[PDB]
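Enquirer: My questions all concern the structure below.
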Amino acid sequence: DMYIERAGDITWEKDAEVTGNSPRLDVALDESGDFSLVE
Amino acid sequence: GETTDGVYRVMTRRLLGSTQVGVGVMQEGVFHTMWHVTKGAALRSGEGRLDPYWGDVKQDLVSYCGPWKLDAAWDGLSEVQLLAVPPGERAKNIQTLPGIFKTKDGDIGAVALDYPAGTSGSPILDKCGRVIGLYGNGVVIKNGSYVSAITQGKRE
Ligand SMILES: N#C[C@H](Nc1ccc2c(c1)CNC2)c1cncc2ccccc12
């Protein structure tokens, strides 16, 4: 049986850690909501 | 119980101890999370109960108490912030420039940050602090790392 606990406000943080890349992927979404890579 | 706006962890006591299975967004009295986090089950908030209102396995989204309220969209240009709430760890904003998930029905933003499965439901934000989507539904690339879509619902 699931429950919820609060974890903070939803705000933009100036001077936050900037990481990660921006890839361009070809994907397909099936009936079960599961993405997959297409080549 | 507590219905104040903000980010919330989704926990369960069915496994060993207290395990975090996901995250959600409380806005305008509606809890918004990813379908694979709750599987459509009713949640608990103190003594109060949260019943599912709308849901869809394909979109992978689910709202509680009312219709889906989040309606902001990534402009396809600006950097965004993942308000990642990981299991056992404090909520933390990570700025990133999303990529593109190209599909047969259209393009969708994608954040390339890797976090545990329990981080699913964490909101992705624009410079105004508006919720542009939720993290936790994507793919596993050639590098092993996870690339999540920016999943947004429809506000009726
Ligand atoms: N938990 C979970 C995720 N799996 C999943 C994601 C989407 C769907 C389902 C399962 C069922 N259908 C929709 C998942 C899997 N692997 C690594 C992840 C890293 C970050 C966040 C979610 C991840």
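Note that chain B is numbered according to Swiss-Prot, with residues 1514-1669 shown in order.
Structure method, as recorded: X-ray crystallography, 2.2 Å.
Any Cβ shown, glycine's included, is placed from N, Cα and C.
Heads up, here are the entries from Swiss-Prot:
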{"type": "ACT_SITE", "residues": "B:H1549", "note": "active site, charge relay system"}
{"type": "ACT_SITE", "residues": "B:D1573", "note": "active site, charge relay system"}
{"type": "ACT_SITE", "residues": "B:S1633", "note": "active site, charge relay system"}
Enquirer: Under 8 Å Cβ-Cβ from B:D1573 (active site, charge relay system), six or more apart in the same chain: what's there?
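Expert: Result: B:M1547, B:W1548, B:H1549, B:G1649, B:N1650, B:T1664.
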Enquirer: Enter the number of other CB atoms within 10 angstroms of the CB of B:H1549 (active site, charge relay system).
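Expert: Total other Cβ atoms inside 10 Å, all chains included: 20.
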Enquirer: What does DSSP call B:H1549 (active site, charge relay system) in the simple three-state scheme?
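Expert: Its secondary structure by DSSP: helix.
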Enquirer: Please work out the number of neighbouring Cβ atoms within 10 Å of the Cβ of B:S1633 (active site, charge relay system), leaving out its own Cβ.
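Expert: I get 25 for this one.
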